[PDB]
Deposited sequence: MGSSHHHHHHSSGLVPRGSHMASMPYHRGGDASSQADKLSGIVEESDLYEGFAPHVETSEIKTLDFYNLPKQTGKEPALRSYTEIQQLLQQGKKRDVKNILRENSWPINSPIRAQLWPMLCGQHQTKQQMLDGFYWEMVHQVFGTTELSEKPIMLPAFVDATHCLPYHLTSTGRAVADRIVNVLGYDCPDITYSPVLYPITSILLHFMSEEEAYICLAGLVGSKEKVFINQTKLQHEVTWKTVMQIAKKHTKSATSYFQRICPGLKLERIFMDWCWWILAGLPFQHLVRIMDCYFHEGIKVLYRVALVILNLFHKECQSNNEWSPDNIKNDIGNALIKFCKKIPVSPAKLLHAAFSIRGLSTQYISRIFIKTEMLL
């Protein structure tokens, strides 16, 4: 039997965050489960009743959703406004949310992650609830969820690079070998896109479950796992032989993720097996 929303909400009010953290890690609620409509707005909230629509009005002058394609704020990665399974109306709603966010949060200058997440939220809750999740995450003062400046963006992928150099040293050494002269920076600049634009939606959802509770470290972990799985795969295999991937390891990783050979649960099992990732270690 799987855990339920009200169970977790109780534990949360009591303050058993490790218990909640572990439930989220091990409970693989199906893709259709109604729990996320309730589970996710709470998780995001843990870190104004009609405030959203006020913002909506001030920007667009109306509550009514446009059919005209909406112009996105410059902080979005135009190449990565990943819609996933959102309908045409779903995308238009996403466009409205990020416009509102850009309007109310002027310090967000570069956040290629913000739109893909907005789309994910919209798969399980309403437009206003998605917003309130996002504003919670972005405004988090302790935990980090969504990078908002280009400086933060680059410190982050450099951090991930540093972590990968030790925890998946074989994979990175393997990259340098098959591709001499290659600077690993070019590869890790796109680390989040392995997850957000590679892994199947099914895998993303389970990842979001833990991510909305723990933060960006969950994403760090999954990045390591993908790198290990990709190196293992490269050792004996169809298309991921050195000759086909040396040309572009970058999208070789993306292609590999789209056809990732492990279940969401087996993927998540590896990530949390990884030890030593102290929060102030990654600050060093």
*asked:* Need the unmodelled segments of the deposited chain, numbered from 1, in order.
replied: 1 to 77, 125 to 130, 368 to 376
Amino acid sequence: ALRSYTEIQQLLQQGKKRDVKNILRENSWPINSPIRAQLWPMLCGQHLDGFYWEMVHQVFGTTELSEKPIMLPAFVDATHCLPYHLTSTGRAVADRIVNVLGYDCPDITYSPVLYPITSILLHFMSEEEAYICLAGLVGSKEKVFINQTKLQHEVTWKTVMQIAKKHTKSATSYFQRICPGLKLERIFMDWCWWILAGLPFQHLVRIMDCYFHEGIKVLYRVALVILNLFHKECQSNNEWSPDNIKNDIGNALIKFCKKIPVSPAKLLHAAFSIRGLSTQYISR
From here on, numbers count along this sequence of modelled residues.
*State which stretch shows the higher mean Cα B factor in the entry: 65 to 73 or 223 to 231.*
65 to 73
*asked:* Using the temperature factors of the C-alpha atoms in this entry, rank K217 within its chain: lowest, middle or highest third.
replied: lowest
_Please say which third, lowest, middle or highest, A271 falls into when its CA temperature factor is compared across its chain._
lowest
*Hey, what third does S126 fall into on Cα B-factor, ranked over its chain?*
lowest
*asked:* How does the C-alpha B factor of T89 compare with the rest of the chain: lowest, middle or highest third?
replied: highest
*Sort the modelled residues of this chain by their C-alpha B factor and say whether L151 lands in the lowest, middle or highest third.*
middle
